[PDB]
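Colleague: Quick one: the structure is below, and I'll ask about it shortly.
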Amino acid sequence: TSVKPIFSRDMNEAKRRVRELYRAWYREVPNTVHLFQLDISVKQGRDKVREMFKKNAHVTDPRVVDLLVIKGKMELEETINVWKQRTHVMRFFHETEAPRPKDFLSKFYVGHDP
Amino acid sequence: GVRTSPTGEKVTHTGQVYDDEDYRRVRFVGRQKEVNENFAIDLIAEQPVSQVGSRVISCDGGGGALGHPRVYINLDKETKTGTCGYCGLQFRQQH
Amino acid sequence: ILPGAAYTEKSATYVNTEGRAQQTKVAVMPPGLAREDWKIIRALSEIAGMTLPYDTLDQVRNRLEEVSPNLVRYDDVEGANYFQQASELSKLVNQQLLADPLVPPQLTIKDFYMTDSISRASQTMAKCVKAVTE
Amino acid sequence: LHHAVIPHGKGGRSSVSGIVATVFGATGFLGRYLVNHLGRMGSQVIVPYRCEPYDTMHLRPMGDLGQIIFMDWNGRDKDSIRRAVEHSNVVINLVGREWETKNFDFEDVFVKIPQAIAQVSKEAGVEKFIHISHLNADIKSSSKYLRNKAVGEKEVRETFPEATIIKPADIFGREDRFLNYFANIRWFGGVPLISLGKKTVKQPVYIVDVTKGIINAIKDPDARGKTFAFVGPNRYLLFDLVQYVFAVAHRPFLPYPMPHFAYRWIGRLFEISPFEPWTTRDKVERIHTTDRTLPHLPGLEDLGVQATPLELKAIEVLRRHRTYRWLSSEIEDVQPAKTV
Amino acid sequence: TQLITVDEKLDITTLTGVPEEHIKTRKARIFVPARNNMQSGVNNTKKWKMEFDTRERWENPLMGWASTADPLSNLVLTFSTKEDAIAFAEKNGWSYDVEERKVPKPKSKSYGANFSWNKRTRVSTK
Amino acid sequence: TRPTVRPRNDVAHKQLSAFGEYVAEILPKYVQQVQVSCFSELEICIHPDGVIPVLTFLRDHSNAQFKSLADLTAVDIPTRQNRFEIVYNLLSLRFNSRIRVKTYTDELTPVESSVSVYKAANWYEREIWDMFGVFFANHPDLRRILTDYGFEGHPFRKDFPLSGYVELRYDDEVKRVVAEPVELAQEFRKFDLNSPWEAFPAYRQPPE
Amino acid sequence: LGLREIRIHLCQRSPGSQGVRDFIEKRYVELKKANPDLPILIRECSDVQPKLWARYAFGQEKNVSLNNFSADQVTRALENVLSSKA
Ligand SMILES: NC(=O)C1=CN([C@@H]2O[C@H](COP(=O)(O)OP(=O)(O)OC[C@H]3O[C@@H](n4cnc5c(N)ncnc54)[C@H](OP(=O)(O)O)[C@@H]3O)[C@@H](O)[C@H]2O)C=CC1
Ligand SMILES: [Zn+2]
């Protein structure tokens with residue numbers, strides 16, 4: 001089961017990379033809402049960053065979390081320069097999408113999907 | 001040979017027409033429904049039956065390579081005519 | 001009237017006469033507002049305030065295993081022993097045999113095409129019955 | 001119930017929501033948002049238009065193929081309305097105008113046309129009819145706008161017993177005429193008010209919340225026969241409301257009082273223009289009219305719509321009114337308004 | 001050295017980018033496809049296939065076409081053995097149902113049985 | 001077999017087999033398989049650890065001189081435990097030949113970048129990372145090159161559906177081009193076109 | 001209120017179901033004669049654990065483990081669940 005690493009040998013170094021990336025993202029959110037002229041507050045952007053980080057909190061394999069750190073750094077570099085648009089930044093906020101059913105009864109009313 | 005429903009909307013050869021309570025009729029309001037009035041079944045029913053003098057016949061639709069693949073029709077039944085599967089022409093043995 | 005589904009419209013389990021469990025698959029979806037049957041019963045139990053402890057099909061199948069473990073192992077025939085106990089129990093009540101001869105309900109081919117509601121509502125079955133009766 | 005009106009899909013663009021709606025005056029201000037919200041769930045939307053089709057061009061991409069049907073209609077021709085509503089199952093009435101022109105007065109656009117639409121919807125068997133009145137509709141009001149709106153609302157209620165009447169207070173949005181009016185008055189001087197604008201109370205409501213309330217009233221079976229009152233979550237005096245508008249726009253704010261008789265003469269001068277008038281005496285009287293409170297009527301909270309305050313959307317409305325110096329200012333560097 | 005002892009379960013669910021509603025509400029089906037009974041050929045029953053459950057298809061209001069909202073509607077995968085299909089399904093976090101391969105048993109075919117002397121297998125006509 | 005059968009080049013087949021033996025015995029540390037196809041094409045399937053020395057040898061040896069990287073791809077075969085196959089195509093102008101070098105990796109094992117040999121490999125394996133998710137270590141500028149800016153996932157993986165999970169449309173409420181879950185007006189009608197009769201007995205796999 | 005049905009799940013080949021199989025083949029007939037209106041459903045399976053299920057009024061269900069039991073332990077368990085009715 002001995003496999004080639006990506007950047008970190010164990011989970012502590014991967015956690016260190018996660019922490020550094022999240023620090024840099026937390027720095028970036030005010031410039032992101034300033035340059036792109038979003039109408040959201042800085043607190044809303046920081047909660048969105050925290051939610052996107054918490055969406056991957058159950059994974060304990062070093063290689064895949066290294067790959068997610070790589071992808072997050074790629075998106076950070078994409079946002080540092082103006083390569084995203086306003087629409088690419090606000091695609092993290094699904095404002096146009098209607099709220100979906102959550103309980104069993106509303107799903108039973110709306111259709112046959114589970 | 002087009003036929004009109006009681007709502008005033010015509011019926012195509014496929015038999016499709018909209019009901020009175022159908023909301024999809026609103027696409028024809030201020031416009032018109034495109035329906036072809038040359039119904040092929042009536043025009044192929046008016047072709048005369050060709051009387052031939054053999055048990056089997058061959059049909060190609062007329063024109064050779066401009067028609068359908070050449071099929072062979074049996075005429076052993078004295079009750080019904082032998083209809084071509086492609087063009088719909090019917091042939092009949094004279095005995 | 002509660003519109004349910006059909007055997008081509010839901011994923012569901014049926015057991016044949018030999019004790020073999022099998023599962024259908026969803027080929028199409030029910031039309032209109034028709035829903036799955038266990039979904040209808042579960043929604044009724046939710047509205048009535050007696051809510052059942054299952055929401056997805058896998059939880060209903062786990063309950064099915066809980067009631068009878070042989071209802072969740074598909075394409076498998078399980079052995080049913082202990083004929084002697086049933087034979088000894090069946091000798092208690094002395095039912096008297098009637099004098100009516102054994103006449104099956106299906107004597108000719110015209111009694112074969114119409115058995116359930118799906119076959120009774122078919123035009124092919126009606127054509128077959130009209131063809132075999134004449 | 002018909003087979004083609006049964007809902008299907010996941011409520012997306014290509015889905016079928018089972019709603020056949022005829023929206024009158026859809027080429028206006030609320031009509032854009034209503035047609036946008038109706039078309040994104042996959043609804044059959046019928047748009048009768050009086051203006052150029054070029055003005056309906058912006059409404060064209062709001063829904064899927066064959067879901068928006070444009071056709072011509074006239075306000076004084078009941079047969080055109082009978083043509084428009086004969087296949088619909090929901091009718092929505094948003095016909096209105098901020099001024100009276102050489103062809104239509106306030107009585108025509110506020111009493112005659114809604115009564116004709118409601119009568120021919122009742123005669124065509126439409127189950128759901130919705131009329132958009134005003135919150136401050138009073139029979140004893142000063143301006144003809146609110147008097148005619150009250151009379152037309154009574155006529156609609158008396159001719160359609162199952163009609164749902166929605167009474168918004170004041171709409172603010174990207175293409176509104178409430179915050180944009182205040183942000184454009186700065187051209188002519190120093191924003192005159194009546195009694196410094198500290199005797200009138202306003203509670204404006206966001207446009208998207210009004211649209212969500214309309215959609216939920218369409219879907220809700222218990223909204224038939226109700227009379228809702230759509231108001232915002234906060235009440236402001238007029239003076240600090242205009243102050244917050246100018247503080248958002250980062251414009252110099254130098255208010256000065258104006259007498260009531262002097263303001264009417266100013267509104268008389270602006271309303272002689274053959275084009276759309278910048279302001280009028282009716283707009284003056286409605287601007288300086290306190291929004292009444294009607295606790296006995298259900299509001300946006302009864303339809304499951306959470307009211308969004310003006311502080312989260314005012315910058316979105318008024319960012320186009322700033323100069324180059326203050327174009328990139330953030331959300332929070334403006335002191336919020338003071339409520340009552 | 002340059003090798004890491006890794007013992008956790010393999011998953012790439014967070015890297016594939018598929019949303020959660022198509023990753024925990026779905027159900028993969030791993031099966032050897034049945035022979036088309038219109039034909040005697042058996043070359044299509046060689047590889048395992050993974051498919052997905054069929055969701056709703058509705059009619060188009062304009063043209064009557066079959067619209068659907070499932071992205072995974074037409075997606076099937078071919079695997080050489082059962083274990084590879086199971087490993088691929090478990091790697092992506094899909095709950096799977098595996099149905100065993102059905103192969104025909106060897107019969108006993110003889111031409112001389114058509115003309116038996118005292119058996120019931122005499123053909124009526126040839 | 002004269003008019004309608006493509007003639008074969010036996011001289012090229014023999015020469016490429018000789019060079020395959022030459023290469024496979026020069027570098028026994030990395031070379032696993034050497035195969036010449038019936039249309040005289042050489043494939044040197046190696047270990048992924050030996051990407052950089054094999055390419056350095058093919059670029060710099062006096063008897064190979066494969067100076068051009070013509071094309072560099074990636075192929076996904078899901079039934080393998082190493083589902084990704086990386087294919088290098090090399091052209092030698094001095095000896096006028098083409099060689100293919102194939103290696104394997106899965107989603108989590110990084111591959112050493114080959115920008116130190118050929119500089120077109122930069123954009124080529126950047127595209128490979130974009131379309132397949134194969135990470136190339138020690139890469140100068142590894143980003144996306146073909147997909148959308150906010151795109152999540154890798155489209156050319158065989159488990160990715162033909163239509164993506166999102167679609168773009170213009171919304172007038174936010175005045176923006178927003179992305180929504182996909183809903184096709186007409187579904188892509190899947191066609192089953194495989195004949196159930198065997199066509200080529202020469203490629204027949206043995207039974208279990 | 002009281003007991004409505006009894007379910008006994010077991011296996012035919014496992015040694016863990018040995019005591020339950022002995023209990024059935026000896027005493028099931030006189031158990032059924034003792035309780036003629038009580039449904040006692042016997043369910044054989046391939047790779048299941050010996051388990052005892054009791055259904056009470058209003059859907060209350062109780063579980064008893066029967067693993068590695070002799071027949072006498074099984075019939076004290078069954079008289080216990082018969083005399084409980086709770
Ligand atoms: N201030 C506000 O926003 C509030 C408005 N309301 C009410 O909501 C409704 C909608 O207002 P809103 O969208 O903002 O106003 P708009 O002026 O922007 O839109 C009104 C619509 O009515 C149409 N219309 C006007 N006169 C006629 C006529 N004689 N015949 C046919 N169509 C006509 C216009 O079409 P066209 O372009 O062709 O003229 C336009 O599409 C009105 O009834 C208004 O009283 C209620 C509360 C607050
Ligand atoms: Zn012919």
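By convention here, the chains of the structure tokens are called A, B, ... in the order presented, each chain's residues are numbered starting at 1, and ligands are numbered starting at 1 in the order presented.
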Hey, what's within 6 Å of range 61-74 of chain F if we count only C-alpha atoms and toss same-chain stuff fewer than 4 positions away? As number ranges by chain, please?

Modeller: F: 57, 85-92

Colleague: Would you list which chain D residues are within 10 Å of chain B using only C-alpha atoms, as a VMD selection string?

Modeller: chain D and resid 1 to 5 20 44 46 66 to 72 83 to 89

Colleague: Could those selected residues go to a file with C-alpha atoms, as a compact mmCIF listing (two decimals), in the first residue's frame?

Modeller:
# COMPACT_ATOMS: atom_id res chain seq x y z
CA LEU D 1 -57.74 18.57 -15.11
CA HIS D 2 -55.91 18.45 -18.42
CA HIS D 3 -52.95 16.17 -19.10
CA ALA D 4 -50.77 18.98 -20.49
CA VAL D 5 -51.18 21.19 -17.38
CA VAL D 20 -50.60 29.51 -18.07
CA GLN D 44 -46.54 29.36 -20.55
CA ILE D 46 -48.75 35.29 -22.73
CA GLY D 66 -42.64 28.69 -27.38
CA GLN D 67 -43.26 29.61 -23.74
CA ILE D 68 -43.74 33.35 -24.36
CA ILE D 69 -46.47 34.30 -26.84
CA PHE D 70 -46.54 37.96 -27.88
CA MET D 71 -49.72 39.48 -29.27
CA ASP D 72 -51.31 42.88 -29.75
CA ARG D 83 -58.53 36.71 -27.43
CA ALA D 84 -55.69 37.04 -24.91
CA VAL D 85 -57.27 35.37 -21.85
CA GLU D 86 -59.35 32.61 -23.49
CA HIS D 87 -56.65 29.97 -22.93
CA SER D 88 -54.95 31.24 -19.77
CA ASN D 89 -55.64 30.00 -16.26

Colleague: Determine which residues of chain E sit within 12 Å of chain C, taking into account only C-alpha atoms, and present them as number ranges by chain.

Modeller: E: 24-27, 29, 52-59, 66, 68, 95-102

Colleague: What does the list of residues within 10 Å of ligand 2 look like if you count only C-alpha atoms and all ligand atoms, written as a ChimeraX atom specification?

Modeller: /B:58-62,67-73,83-90

Colleague: Using DSSP on the backbone coordinates, identify the residues of range 10-86 of chain G assigned to strand (DSSP E or B); present them as a list in words.

Modeller: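 DSSP-assigned strand (DSSP E or B) residues in range 10-86 of chain G: residues 10, 11, 40, 41, 42, 43, 44, 45, 51, 52, 53, 54, 55, 56, 61, 62, 63, 64 and 65 of chain G.
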
Colleague: Give me the residues near residue 184 in chain F as a PyMOL selection string, where near means some atom within 12 Å (using only C-alpha atoms) and where sequence neighbours in that chain fewer than 5 positions away do not count.

Modeller: (chain D and resi 9-10+12-15+64) or (chain E and resi 57-60+65-71+73) or (chain F and resi 162-167+189)

Colleague: Please produce a file of the residues just selected, as a PDB file, in the first residue's frame, where the atoms kept are C-alpha atoms.

Modeller:
ATOM      1  CA  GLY D   9     -39.568  18.270 -14.564  1.00  0.00           C
ATOM      2  CA  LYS D  10     -37.442  19.748 -11.806  1.00  0.00           C
ATOM      3  CA  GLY D  12     -35.948  24.414 -14.480  1.00  0.00           C
ATOM      4  CA  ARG D  13     -36.037  26.356 -17.718  1.00  0.00           C
ATOM      5  CA  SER D  14     -37.299  23.463 -19.866  1.00  0.00           C
ATOM      6  CA  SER D  15     -39.652  22.063 -17.212  1.00  0.00           C
ATOM      7  CA  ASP D  64     -37.798  28.797 -23.280  1.00  0.00           C
TER       8      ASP D  64
ATOM      9  CA  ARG E  57     -38.586  11.965 -18.930  1.00  0.00           C
ATOM     10  CA  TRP E  58     -41.364  14.371 -19.888  1.00  0.00           C
ATOM     11  CA  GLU E  59     -42.839  15.636 -23.134  1.00  0.00           C
ATOM     12  CA  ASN E  60     -41.846  18.962 -24.630  1.00  0.00           C
ATOM     13  CA  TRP E  65     -39.719  15.634 -27.682  1.00  0.00           C
ATOM     14  CA  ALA E  66     -38.522  13.724 -24.626  1.00  0.00           C
ATOM     15  CA  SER E  67     -36.868  16.183 -22.264  1.00  0.00           C
ATOM     16  CA  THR E  68     -34.935  14.996 -19.228  1.00  0.00           C
ATOM     17  CA  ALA E  69     -32.996  16.525 -16.355  1.00  0.00           C
ATOM     18  CA  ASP E  70     -30.650  13.599 -15.669  1.00  0.00           C
ATOM     19  CA  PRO E  71     -27.056  14.247 -16.771  1.00  0.00           C
ATOM     20  CA  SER E  73     -29.072   9.242 -18.386  1.00  0.00           C
TER      21      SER E  73
ATOM     22  CA  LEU F 162     -21.516  14.129 -22.396  1.00  0.00           C
ATOM     23  CA  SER F 163     -23.562  17.120 -21.309  1.00  0.00           C
ATOM     24  CA  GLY F 164     -22.093  18.769 -18.245  1.00  0.00           C
ATOM     25  CA  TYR F 165     -23.745  19.312 -14.900  1.00  0.00           C
ATOM     26  CA  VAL F 166     -24.325  23.039 -15.564  1.00  0.00           C
ATOM     27  CA  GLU F 167     -25.427  25.347 -18.369  1.00  0.00           C
ATOM     28  CA  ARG F 189     -30.842   9.521 -27.780  1.00  0.00           C
TER      29      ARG F 189
END

Colleague: Please tabulate, as CSV, the residues of chain A that come within 7 Å of chain D, each with its closest pair of atoms and the distance in Å to one decimal, counting only C-alpha atoms and ordering rows by chain, then residue number upward.

Modeller:
residue,atom,partner,partner_atom,distance
A:34,CA,D:330,CA,6.6
A:37,CA,D:328,CA,6.6
A:39,CA,D:316,CA,6.4
A:41,CA,D:331,CA,5.8

Colleague: Keeping only C-alpha atoms, write those residues as a CSV table (one decimal), in the first residue's frame.

Modeller:
chain,number,residue,atom,x,y,z
A,34,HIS,CA,-13.6,45.6,-4.0
A,37,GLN,CA,-17.6,45.5,-7.4
A,39,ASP,CA,-22.8,44.0,-3.8
A,41,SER,CA,-20.6,42.4,2.3

Colleague: Could you give me the residues within range 97-252 of chain D that DSSP places in alpha helix (DSSP H), as a ChimeraX atom specification?

Modeller: /D:106-107,113-123,144-159,179-184,207-219,238-249

Colleague: May I ask you to write as a list in words all residues lying at most 6 Å from ligand 1, with only C-alpha atoms and all ligand atoms counted?

Modeller: residues 25, 26, 27, 28, 29, 30, 31, 50, 51, 75, 94, 95, 96, 97, 104, 109, 132, 133, 134, 168, 169, 170 and 171 of chain D

Colleague: Please identify all polymer residues within 10 Å of residue 5 in chain A, counting only C-alpha atoms, omitting same-chain residues fewer than 3 positions from it, and present them as a list in words.

Modeller: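 Contacts, in chain order: residues 2, 8, 9, 10, 62, 63, 64 and 66 of chain A; 2, 3, 4, 5 and 6 of chain E; 108, 109 and 110 of chain F.
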
Colleague: Put those residues in a file: N, CA and C atoms, as a compact mmCIF listing (two decimals), in the first residue's frame.

Modeller:
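Dumped to out-v5.txt:
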# COMPACT_ATOMS: atom_id res chain seq x y z
N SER A 2 2.16 1.09 -0.17
CA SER A 2 3.08 2.22 -0.20
C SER A 2 3.01 2.90 -1.56
N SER A 8 2.92 16.33 0.44
CA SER A 8 3.03 16.10 1.87
C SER A 8 3.13 14.61 2.15
N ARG A 9 4.03 14.25 3.07
CA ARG A 9 4.17 12.86 3.47
C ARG A 9 3.02 12.41 4.35
N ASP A 10 2.59 13.26 5.29
CA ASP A 10 1.57 12.89 6.25
C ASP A 10 0.51 13.99 6.32
N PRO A 62 -3.95 12.00 2.53
CA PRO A 62 -3.07 13.15 2.21
C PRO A 62 -3.01 13.53 0.74
N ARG A 63 -3.06 12.57 -0.18
CA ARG A 63 -2.87 12.89 -1.59
C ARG A 63 -4.05 13.66 -2.15
N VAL A 64 -5.28 13.26 -1.80
CA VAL A 64 -6.45 13.94 -2.34
C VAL A 64 -6.61 15.33 -1.73
N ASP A 66 -4.07 17.11 -0.80
CA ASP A 66 -3.04 17.86 -1.52
C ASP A 66 -3.55 18.33 -2.87
N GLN E 2 10.91 7.34 -0.32
CA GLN E 2 9.90 8.11 -1.06
C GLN E 2 8.61 7.33 -1.34
N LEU E 3 8.10 6.62 -0.34
CA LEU E 3 6.81 5.95 -0.42
C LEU E 3 6.06 6.15 0.89
N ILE E 4 4.76 6.42 0.78
CA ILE E 4 3.91 6.76 1.92
C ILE E 4 2.99 5.60 2.23
N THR E 5 2.97 5.18 3.49
CA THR E 5 1.99 4.21 3.96
C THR E 5 0.63 4.87 4.03
N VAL E 6 -0.28 4.48 3.14
CA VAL E 6 -1.64 5.01 3.09
C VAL E 6 -2.59 3.85 3.34
N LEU F 108 -4.27 9.86 -8.54
CA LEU F 108 -3.56 10.45 -7.41
C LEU F 108 -2.04 10.37 -7.52
N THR F 109 -1.50 9.54 -8.40
CA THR F 109 -0.05 9.45 -8.56
C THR F 109 0.42 10.52 -9.53
N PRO F 110 1.28 11.45 -9.11
CA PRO F 110 1.76 12.48 -10.03
C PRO F 110 2.73 11.91 -11.05

Colleague: Extract, using only C-alpha atoms, all DNA, RNA and protein residues at most 10 Å from range 84-92 of chain C, discarding same-chain residues fewer than 4 positions from it, and format them as a list in words.

Modeller: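 My list of contacting residues is residues 24, 25, 26, 27, 28, 29, 30, 32 and 33 of chain G.
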
Colleague: Write the selection just made, keeping N, CA and C atoms, as an mmCIF file, in the first residue's frame?

Modeller:
data_model
loop_
_atom_site.group_PDB
_atom_site.id
_atom_site.type_symbol
_atom_site.label_atom_id
_atom_site.label_comp_id
_atom_site.auth_asym_id
_atom_site.auth_seq_id
_atom_site.Cartn_x
_atom_site.Cartn_y
_atom_site.Cartn_z
ATOM 1 N N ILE G 24 -37.544 -26.139 17.393
ATOM 2 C CA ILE G 24 -38.650 -26.218 16.444
ATOM 3 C C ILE G 24 -39.061 -27.668 16.243
ATOM 4 N N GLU G 25 -38.107 -28.514 15.826
ATOM 5 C CA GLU G 25 -38.430 -29.881 15.434
ATOM 6 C C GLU G 25 -38.948 -30.713 16.605
ATOM 7 N N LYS G 26 -38.604 -30.363 17.847
ATOM 8 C CA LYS G 26 -39.231 -31.047 18.974
ATOM 9 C C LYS G 26 -40.572 -30.424 19.356
ATOM 10 N N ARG G 27 -40.579 -29.146 19.744
ATOM 11 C CA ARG G 27 -41.672 -28.593 20.531
ATOM 12 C C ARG G 27 -42.558 -27.593 19.791
ATOM 13 N N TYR G 28 -42.362 -27.383 18.481
ATOM 14 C CA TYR G 28 -43.159 -26.367 17.801
ATOM 15 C C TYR G 28 -44.626 -26.763 17.698
ATOM 16 N N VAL G 29 -44.915 -28.059 17.557
ATOM 17 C CA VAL G 29 -46.295 -28.498 17.368
ATOM 18 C C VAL G 29 -47.122 -28.240 18.624
ATOM 19 N N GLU G 30 -46.597 -28.613 19.791
ATOM 20 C CA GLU G 30 -47.315 -28.343 21.032
ATOM 21 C C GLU G 30 -47.278 -26.867 21.404
ATOM 22 N N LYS G 32 -47.693 -24.568 19.066
ATOM 23 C CA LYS G 32 -48.793 -24.091 18.233
ATOM 24 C C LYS G 32 -50.141 -24.532 18.785
ATOM 25 N N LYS G 33 -50.204 -25.729 19.373
ATOM 26 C CA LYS G 33 -51.426 -26.156 20.048
ATOM 27 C C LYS G 33 -51.704 -25.317 21.286
#

Colleague: For CA of residue 125 in chain D and CA of residue 160 in chain D, determine how far apart the two atoms are, in Å to one decimal place.

Modeller: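 If I compute the distance from CA of residue 125 in chain D to CA of residue 160 in chain D, I get 11.1 Å.
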
Colleague: Between CA of residue 35 in chain G and CA of residue 47 in chain G, what is the distance, to one decimal in Å?

Modeller: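 Taking CA of residue 35 in chain G as the start and CA of residue 47 in chain G as the end point, the length is 29.2 Å.
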
Colleague: Could you list, as a ChimeraX atom specification, every residue of chain E that has an atom within 8 Å of an atom of chain F, counting only C-alpha atoms?

Modeller: /E:15-19,39,41-44,60,65-72,74-75,77-81,84-85,88

Colleague: Can I get the selected residues back with C-alpha atoms, as a compact mmCIF listing (two decimals), in the first residue's frame?

Modeller:
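Ended up saving to out18.txt:
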# COMPACT_ATOMS: atom_id res chain seq x y z
CA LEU E 15 -12.31 15.75 -7.20
CA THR E 16 -14.80 14.57 -9.83
CA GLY E 17 -16.96 17.68 -9.40
CA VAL E 18 -20.30 15.87 -9.64
CA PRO E 19 -22.86 17.43 -7.25
CA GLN E 39 -30.56 -13.03 -32.59
CA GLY E 41 -25.12 -14.05 -31.52
CA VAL E 42 -23.40 -13.92 -28.15
CA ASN E 43 -20.62 -11.39 -28.80
CA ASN E 44 -22.48 -8.64 -26.90
CA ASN E 60 -41.85 18.96 -24.63
CA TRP E 65 -39.72 15.63 -27.68
CA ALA E 66 -38.52 13.72 -24.63
CA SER E 67 -36.87 16.18 -22.26
CA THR E 68 -34.94 15.00 -19.23
CA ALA E 69 -33.00 16.52 -16.35
CA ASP E 70 -30.65 13.60 -15.67
CA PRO E 71 -27.06 14.25 -16.77
CA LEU E 72 -26.25 10.55 -16.19
CA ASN E 74 -27.08 7.92 -21.36
CA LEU E 75 -23.84 7.10 -19.53
CA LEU E 77 -19.31 1.98 -18.73
CA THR E 78 -17.63 -1.22 -19.89
CA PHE E 79 -15.48 -3.33 -17.55
CA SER E 80 -13.52 -6.50 -18.22
CA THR E 81 -14.35 -8.23 -14.92
CA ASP E 84 -12.93 -3.79 -11.70
CA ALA E 85 -16.51 -2.53 -11.95
CA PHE E 88 -14.63 1.80 -9.94

Colleague: Just the residues within 8 Å of range 77-82 of chain A, please, counting only C-alpha atoms, with nothing from its chain fewer than 3 positions along; format it as a list in words.

Modeller: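 The contact residues come out as residues 28, 32, 73, 74 and 85 of chain A.
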